[PDB]
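For reference, the structure discussed in these notes is given below.
The first residue of the sequence shown is numbered 1, and numbering continues consecutively from there. Heavy-atom basis, side chains included; hydrogens, waters and symmetry copies ignored.
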Amino acid sequence: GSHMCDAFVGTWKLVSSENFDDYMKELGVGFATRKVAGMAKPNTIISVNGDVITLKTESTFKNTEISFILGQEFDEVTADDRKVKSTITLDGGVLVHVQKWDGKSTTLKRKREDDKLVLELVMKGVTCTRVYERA
Ligand SMILES: O=C(O)c1c(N2CCCCC2)nc2c(Cl)cc(Cl)cc2c1-c1ccccc1
């Protein structure tokens, strides 16, 4: 049967970024990591099996995979090596991903817009946009 998350399922390749260096800086990412991460064009497979959503990313920099159930907090190690407590929820048709660590929080929103998957990343005053197309 069909589900709301269906529009996210697929293979997505990064095409563009706005304010990513600023966002990483706000997170405390060091110079060299910012430069190397900022060059990459990662690919992410988003799949669903029952209630479990998996996000599998492959790139020249880091490979990551997370699996989760909507609304259920989980442990995540981010590409910049933060050890966070994450929760991913649907807000209408937007996936909202909150990461908490050391009393800090960042919010990552995934939305479908035209044929794209658009990510909005917010840390304190900084907003970054990452745009993906199907691969
Ligand atoms: O796009 C990502 O998967 C991703 C990412 N994103 C954040 C939004 C949701 C998906 C994961 N956040 C990053 C951060 Cl906060 C720091 C660094 Cl140093 C690298 C990344 C990368 C990243 C960047 C380049 C290659 C691999 C992962």
Side-chain angles (χ1 to χ4, degrees):
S2 293
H3 292 87
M4 185 64 79
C5 279
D6 292 347
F8 298 102
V9 171
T11 307
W12 297 100
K13 183 70 173 186
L14 186 67
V15 296
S16 69
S17 303
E18 185 180 76
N19 309 321
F20 188 54
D21 187 60
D22 290 338
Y23 175 78
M24 288 189 289
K25 214 171 282 185
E26 209 70 10
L27 294 170
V29 183
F31 174 89
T33 296
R34 296 198 315 274
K35 284 294 198 180
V36 164
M39 287 287 294
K41 296 279 134 65
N43 191 235
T44 298
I45 303 160
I46 302 181
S47 61
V48 175
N49 180 327
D51 291 339
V52 182
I53 305 168
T54 300
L55 315 176
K56 182 176 189 178
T57 300
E58 292 178 338
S59 73
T60 62
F61 169 58
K62 289 266 190 297
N63 303 314
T64 60
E65 180 169 339
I66 62 173
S67 291
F68 60 89
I69 296 175
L70 293 164
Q72 301 275 323
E73 188 162 74
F74 64 97
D75 294 313
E76 178 181 8
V77 178
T78 68
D80 58 315
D81 301 313
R82 289 173 287 118
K83 297 180 179 162
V84 309
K85 294 289 178 175
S86 288
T87 307
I88 301 173
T89 58
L90 279 162
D91 178 6
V94 173
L95 288 165
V96 182
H97 181 173
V98 179
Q99 298 177 331
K100 295 192 296 168
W101 73 107
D102 292 335
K104 296 176 198 153
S105 187
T106 184
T107 298
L108 321 170
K109 290 185 181 186
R110 293 168 168 91
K111 78 169 178 191
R112 288 296 315 283
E113 190 183 308
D114 299 321
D115 293 325
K116 301 171 275 83
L117 185 163
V118 179
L119 268 67
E120 178 202 61
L121 317 187
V122 177
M123 175 62 177
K124 295 192 286 151
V126 173
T127 302
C128 159
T129 306
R130 310 258 287 171
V131 180
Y132 295 81
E133 285 176 356
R134 290 205 178 263

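Scored by the salt bridge (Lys or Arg N to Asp or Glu O under 4.0 Å) test, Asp6 finds no partners at all (sequence neighbours excluded).
No single ILVMFWY cluster, assembled from side-chain heavy atoms under 4.5 Å apart, contains both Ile69 and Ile46. Under a hydrophobic clustering in which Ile, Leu, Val, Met, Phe, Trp and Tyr are joined whenever their side-chain heavy atoms come within less than 4.5 Å, directly or via other members, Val84 and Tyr23 fall into the same cluster. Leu70 is not connected to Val52 by any chain of hydrophobic side-chain contacts under 4.5 Å among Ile, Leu, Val, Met, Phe, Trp and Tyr, and they are in different clusters.
Here the side chains of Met24 and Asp80 are not in contact, with every heavy-atom distance at 4.5 Å or above. Counting only heavy atoms from C-beta outward, the side chains of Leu55 and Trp12 never approach each other to under 4.5 Å. Between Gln72 and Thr87, the closest side-chain pair of non-hydrogen atoms is not below 4.5 Å. Two residues are said to be in side-chain contact when any heavy atoms from C-beta on lie closer than 4.5 Å; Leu121 and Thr127 fail this criterion. A 4.5 Å side-chain heavy-atom check between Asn19 and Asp21 finds every atom pair outside the cut-off. Counting heavy atoms from C-beta on, the side chains of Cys5 and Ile53 come closer than 4.5 Å. Put simply, the side chain of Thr11 reaches to within 4.5 Å of the side chain of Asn43, judged on heavy atoms. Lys100 places a side-chain heavy atom less than 4.5 Å from the side chain of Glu73.
The stretch residues 49-69 participates, sequence neighbours left out, in no salt bridge (charged side-chain N to carboxylate O under 4.0 Å, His left out) pair at all.
No side-chain donor-acceptor contact under 3.5 Å links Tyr132 and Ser16. A side-chain N or O of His97 and one of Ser86 form a donor-acceptor pair less than 3.5 Å apart.
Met4 and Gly93 get closest at one heavy-atom pair: SD-CA, 3.9 Å. Closest of all the heavy-atom pairs between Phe61 and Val36 is CD1-CG1, 3.5 Å. Nearest heavy atoms, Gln99 versus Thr78: NE2-CG2, 3.5 Å. Closest non-hydrogen pair, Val122 versus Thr106, comes out as O-OG1, 2.7 Å. The two residues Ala7 and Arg112 have their closest heavy-atom pair at O-NH1, 2.9 Å. Nearest heavy atoms, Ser47 versus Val9: CA-CG1, 4.4 Å.
The CG atom of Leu95 sits 6.5 Å away from atom CZ of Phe68, with the distance rounded to the nearest 0.5 Å. With values rounded to the nearest 0.5 angstrom, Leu27 atom CG is found 11.0 Å from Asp22 atom CG. Rounding to the nearest 0.5 angstrom, the gap separating the NZ atom in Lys83 from the CD atom in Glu76 is 13.5 Å. Here the straight-line distance linking atom CG of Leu108 with atom CZ of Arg130 works out to 11.0 Å at 0.5 Å rounding. Taking OG1 from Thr54 and CD1 from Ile45, the interatomic distance works out to 10.5 Å, rounded to the nearest 0.5 Å.
A cation-pi arrangement is not found for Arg110 relative to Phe8, the charged atom failing to lie both closer than 6.0 Å to the ring centre and inside a 45° cone about the ring normal.
For the pair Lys104 and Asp102, the salt-bridge criterion is not met [side-chain N within less than 4.0 Å of a carboxylate O]. Electrostatic pairing of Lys85 and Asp75 counts as a salt bridge here, judged by a charged N lying under 4.0 Å from a carboxylate O. One finds no salt bridge joining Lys13 and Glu133 here, because no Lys/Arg side-chain nitrogen approaches an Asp/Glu carboxylate oxygen to under 4.0 Å.
More than 12 heavy-atom neighbours from other residues, nucleotides or ligands sit within 6.0 angstrom of NZ on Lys116.
In this structure a side-chain-to-backbone donor-acceptor pair under 3.5 Å is present from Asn63 to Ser59.
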* **Audit row: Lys124, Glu26, salt bridge (charged side-chain N to carboxylate O under 4.0 Å, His left out) steps and yes/no** => CA-CA 8 Å; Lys124 295 192 286 151; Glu26 209 70 10; 2.9 Å; yes
